[PDB]
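Colleague: Structure in structure tokens, see below.
Every number here is computed from the coordinates shown, using simple stated rules; none is lab data. Note: ideal-geometry Cβ built from the backbone for every residue, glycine included; neighbour counts use all protein chains shown.
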Amino acid sequence: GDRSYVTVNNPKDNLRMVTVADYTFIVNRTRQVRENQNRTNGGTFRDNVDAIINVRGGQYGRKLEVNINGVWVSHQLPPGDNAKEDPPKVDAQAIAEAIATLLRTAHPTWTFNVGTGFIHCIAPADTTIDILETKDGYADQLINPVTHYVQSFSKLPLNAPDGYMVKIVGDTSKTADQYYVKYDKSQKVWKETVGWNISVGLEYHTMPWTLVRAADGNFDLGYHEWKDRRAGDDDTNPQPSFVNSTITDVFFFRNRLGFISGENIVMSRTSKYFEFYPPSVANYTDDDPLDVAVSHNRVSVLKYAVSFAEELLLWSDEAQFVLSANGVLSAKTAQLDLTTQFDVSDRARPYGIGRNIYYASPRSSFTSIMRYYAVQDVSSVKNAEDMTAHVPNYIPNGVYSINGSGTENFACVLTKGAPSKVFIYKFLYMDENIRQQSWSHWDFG
């Protein structure tokens, strides 16, 4: 595979790997994910270049006229007097070509096309359709102009030329809405579609990578594929908060996938990994990607996500925090309340053997292995007490690996200050009380 993503000066602290039986993730904490330069319509979509007017049939004695840039064009429907010749000119298609030929004479430079009950207008190369009106002469059901915006969904033109982008501002009935649609020629329906001048998805390579067996017996390294945005524009389908930043320590909390990036927790859709955009912006559902920062006034940067007890804790330096929701995990139900303010070293990932989690906190020239646990007090209260109180000057200040065996009932600590020595911590718990605290080190050469 490509080694560009994994190439870094300090692998221990700049690279993080999280593996699960289904997926593996490789995280480079020094790389920001940014955006791809491609836009939905290439960034070359202008709403005032082309517009359509739809015809629905006219009654007797109606003078209907349409203007584009001044230069009004008037067409008079016959009064209900003639017998043979009046009903044929009532026909909606007859009016459409009647206006089309009239508009071609008024605007020889442009191209006018008639479809099923509509007339499609094109500016030649570099002109706008500003100041457009249409005098129906009736309650406006005969002809009305829509360029690219409609009041509600039911006010959409019944037909449109192939893919026509229309923005529904909404009638202020239920919510903001402000979604987009694109007509389909093959299937006579309107379908929701992404904006016109916005970016699509993510870079796909700055994102965390992976490696799989590929059934050959040899692993291959590559990146993931993340579903592109398909709901709406910005401010309604906003870009995730980690796009212009670096992400660390991918984690799983619910059926969705979580990312940590600069005191910001970003989650995907439930049961839908790699989808960090809402599927629809017209209606917001509970299982949509959410972004919750922090509930702490002091500065803090989350670095680790450890699942302790029936709750998920997003540890940082000098703060611990906890993630929970009263009911369904929505964008409004996420809590991120603080729990404690114990200093933690980011070099060594916290490790859990039993009811306890063991982590390292360097003092000034030696580290003190601490134990995180839930005390007998009621409700959510947590504490950390030093396991090296009697041996402060024993571990030479640089710790990167903390591990242990649940069955053998001990923990082994690796350090950079003493590369040769392996510090082991033998402990025993009976009746919820500690029975021994054996600190010693092993030497191999």
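Colleague: How big is the range 248-364 on each of its three principal axes, counting only the C-alpha atoms and giving the largest first in Å?
Modeller: If we take the Cα atoms of the range 248-364, the spans are 55, 31, 24 Å.
Colleague: Points 7 angstrom from Cα along the Cβ direction at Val6 and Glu97: gap in nanometres?
Modeller: In this crude label model, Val6 to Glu97 measures out at 6.9 nm.
Colleague: Could you give the size of the charge dipole of the range 317-360 about its Cα centre, using +1 on the Cβ of each K and R and -1 on the Cβ of each D and E, expressed in debye and rounded to the nearest 20? Walk me through the numbers before you get to the answer.
Modeller: Details: 4 positive and 5 negative charges, 51 e Å.
Here the range 317-360 has a charge dipole of around 240 debye.
Colleague: Could you check the spin-label model distance between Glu203 and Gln335? Points 7 Å from the Cα along Cα→Cβ, value in nm.
Modeller: A separation of 3.6 nm, rounded to one decimal place.
Colleague: Modelled label-to-label distance, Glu85 and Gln59, 7 Å Cα→beta-carbon offset: nm?
Modeller: Inter-label distance under the simple model: 2.4 nm.
Colleague: Tell me, in nm to one decimal, what length is gained between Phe274 and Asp47 on full extension, where the rule is 0.36 nm per residue of separation less the Cα-Cα distance? Display every interim value, and only then the final one.
Modeller: Values: separation 227, 0.36 × 227 = 81.72 nm, distance 3.21 nm.
Net length gain for the segment: 78.5 nm.
Colleague: OK, next. P(r) tail for the range 379-429, what percent of Cα pairs lie past 18 Å? Write out the running numbers ahead of the final one.
Modeller: Working: 523 of 1275 pairs.
Cα-Cα pairs in the range 379-429 separated by more than 18 Å: 41 percent.
Colleague: A further question follows. Can you give the translational diffusion coefficient of the range 1-72 in µm²/s, computed by Stokes-Einstein from the Kirkwood radius over Cα pairs at 4 °C and 1.567 mPa s?
Modeller: Numbers: Rh = 19.4 Å.
It comes out at roughly 67 µm²/s.
Colleague: If you place +1 on the Cβ of every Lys and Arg, -1 on the Cβ of every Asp and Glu, and leave all else neutral, what size is the dipole of the range 220-341 about its Cα centre, to the nearest 20 Debye? Before the final figure, lay out the partial values.
Modeller: Details: 10 positive and 18 negative charges, 27 e Å.
Charge dipole of the range 220-341: 140 debye, to the nearest 20.
Colleague: Fully extended, how many nm does the chain gain between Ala293 and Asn14 (0.36 nm per residue separation, minus their Cα-Cα distance)? Present the calculation step by step, with values, prior to reporting the outcome.
Modeller: Values: separation 279, 0.36 × 279 = 100.44 nm, distance 2.21 nm.
Value of the extension gain: 98.2 nm.
Colleague: Right, another one. Enter the mean projected area of the convex hull around the alpha-carbon atoms of the range 155-198, in nm², rounded to one decimal.
Modeller: Averaged projected area of the range 155-198's Cα convex hull equals 3.6 nm².
Colleague: Taking the 0 to 90 degree range and rounding to the nearest ten, how far is the long axis of helix 92-106 tilted relative to the main principal axis of the chain, both from C-alpha atoms?
Modeller: Helix 92-106 sits at roughly 90 degrees to that axis.
Colleague: Tell me, what HN-Hα J-couplings in whole Hz come from the Karplus equation 6.51 cos²θ - 1.76 cosθ + 1.60 at θ = phi - 60° for each residue of the range 439-445, using x for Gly and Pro?
Modeller: Rounded to whole hertz, the list is 9, 7, 10, 10, 10, 10, x.
Colleague: Given the Cα-Cα distance of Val381 and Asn283 and 0.36 nm per residue of separation, how much length would full extension add, in nm? Could you put the intermediate results ahead of the total?
Modeller: On the way: separation 98, 0.36 × 98 = 35.28 nm, distance 3.88 nm.
Here the answer is 31.4 nm.
Colleague: Can you pull the Rg over Rh of the range 204-254, Cα-only, Kirkwood?
Modeller: Details: Rg = 15.0 Å, Rh = 13.9 Å.
For the range 204-254, the value is 1.08.
Colleague: Moving on to the next point. Cα convex hull of the range 121-209: how many Å³ per residue?
Modeller: Numbers: hull volume 17.2 nm³, N = 89.
Taking the convex hull of the Cα positions in the range 121-209, it is 193 Å³ per residue.
Colleague: Another question, if that's okay. Given the range 1-121, report the % of alpha carbon pairs whose separation exceeds 19 Å. Walk me through the numbers on the way to the answer.
Modeller: On the way: 4865 of 7260 pairs.
Summing the P(r) tail past 19 Å for the range 1-121 gives 67 percent.
Colleague: Compute log10 of I(q)/I(0) for the range 52-182 with the Debye formula, placing one identical point scatterer on every Cα and leaving out solvent, at q = 0.12, 0.13 Å⁻¹, to two decimals.
Modeller: So the normalised log intensities are -0.50, -0.59.
Colleague: Here is a follow-up. Between beta-carbons, use under 14 Å as the cut-off and find the net charge around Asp162, counting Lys and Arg +1, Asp and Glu -1. Walk me through the numbers before you get to the answer.
Modeller: Working: positive: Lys182, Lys185, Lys188, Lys191; negative: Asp50, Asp184.
With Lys, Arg at +1 and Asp, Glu at -1, the neighbours total +2.
Colleague: Only four residue types carry charge here, +1 at the Cβ of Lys and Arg and -1 at the Cβ of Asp and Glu. Report the dipole size of the chain about the Cα centre in Debye, rounded to the nearest 20.
Modeller: On the way: 43 positive and 51 negative charges, 156 e Å.
For this selection, approximately 740 debye.
Colleague: Beyond a 28 Å Cα-Cα separation, which of these cross-linked pairs lie in this structure: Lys63/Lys182; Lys135/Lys174; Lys135/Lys167; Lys155/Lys332; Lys303/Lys416; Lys182/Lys227? Write out the running numbers ahead of the final one.
Modeller: On the way: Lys63/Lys182 32 Å; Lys135/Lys174 32 Å; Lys135/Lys167 23 Å; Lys155/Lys332 33 Å; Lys303/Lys416 20 Å; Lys182/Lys227 19 Å.
Over 28 Å Cα-Cα: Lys63/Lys182; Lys135/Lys174; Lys155/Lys332.
Colleague: In addition: Quick query: amide H of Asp386 versus all other amide H atoms, modeled in the peptide plane; which residues come in under 5 Å with a sequence gap of 5 or more or a different chain?
Modeller: Residues meeting the criterion, in which the H sits 1.01 Å from N, do not exist here.
Colleague: I would also like to ask the following. So what's the range 308-445 giving for Cα Rg divided by 2.2 N^0.38 Å, two decimals? The partial results should precede the final answer.
Modeller: Details: Rg = 16.3 Å, N = 138, 2.2 N^0.38 = 14.3 Å.
The reported ratio for this selection is 1.14.
Colleague: Also, quick follow-up: What list of ³J(HN,Hα) values in whole Hz, one per residue of the range 237-246 in order, does the Karplus curve 6.51 cos²θ - 1.76 cosθ + 1.60 (θ = phi - 60°) give from phi, with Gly and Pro shown as x?
Modeller: 10, x, 6, x, 5, 9, 5, 8, 9, 9
Colleague: Output ³J(HN,Hα) for the range 194-200: one whole-Hz value per residue in order, computed from phi by the Karplus curve 6.51 cos²θ - 1.76 cosθ + 1.60 with θ = phi - 60°, and x for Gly and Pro.
Modeller: 5, x, 9, 10, 10, 6, 10
Colleague: I would also like to ask the following. Separation of the range 266-333 and the range 88-163 by C-alpha centroid, Å?
Modeller: For the range 266-333 versus the range 88-163, the Cα centre distance is 49 Å.
Colleague: Please list, in chain and number order, the residues 5+ apart from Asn255 or on another chain whose amide H is under 5 Å from its amide H, with Hs placed from the backbone.
Modeller: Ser271
Colleague: Still on this structure: For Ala305, which sequence-distant residues (separation of 5 or more, or a different chain) have an amide H within less than 5 Å of its own amide H, given hydrogens modelled in the peptide plane?
Modeller: Under 5 Å from the amide H of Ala305: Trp315.
Colleague: Bin width 10 Å, origin at 0, all Cα-Cα pairs of the chain: what percent of pairs per bin?
Modeller: 4, 16, 20, 17, 12, 10, 8, 6, 4, 2, 1, 0
Colleague: Determine the principal axes of the Cα atoms in the range 75-121, then give the extent along each, sorted from largest to smallest and rounded to whole angstroms.
Modeller: On the principal axes, the range 75-121 reaches 38, 21, 11 Å in Cα extent.
Colleague: Also, I was wondering about something else. Mind ranking 292-301, 350-359, 255-264, 415-424 by how tightly packed they are, going by the mean number of other C-beta atoms within 10 angstrom, highest first? Kindly include the intermediate steps, with their values, before the conclusion.
Modeller: Working: 292-301: 14.2, 350-359: 18.7, 255-264: 20.2, 415-424: 15.9.
Output ranking for 292-301, 350-359, 255-264, 415-424: 255-264, 350-359, 415-424, 292-301.
Colleague: Can you give me the Rg/Rh ratio for the range 228-267, using Cα atoms for both radii and the Kirkwood formula for Rh?
Modeller: Numbers: Rg = 11.4 Å, Rh = 11.3 Å.
We get a ratio of 1.01 for the range 228-267.
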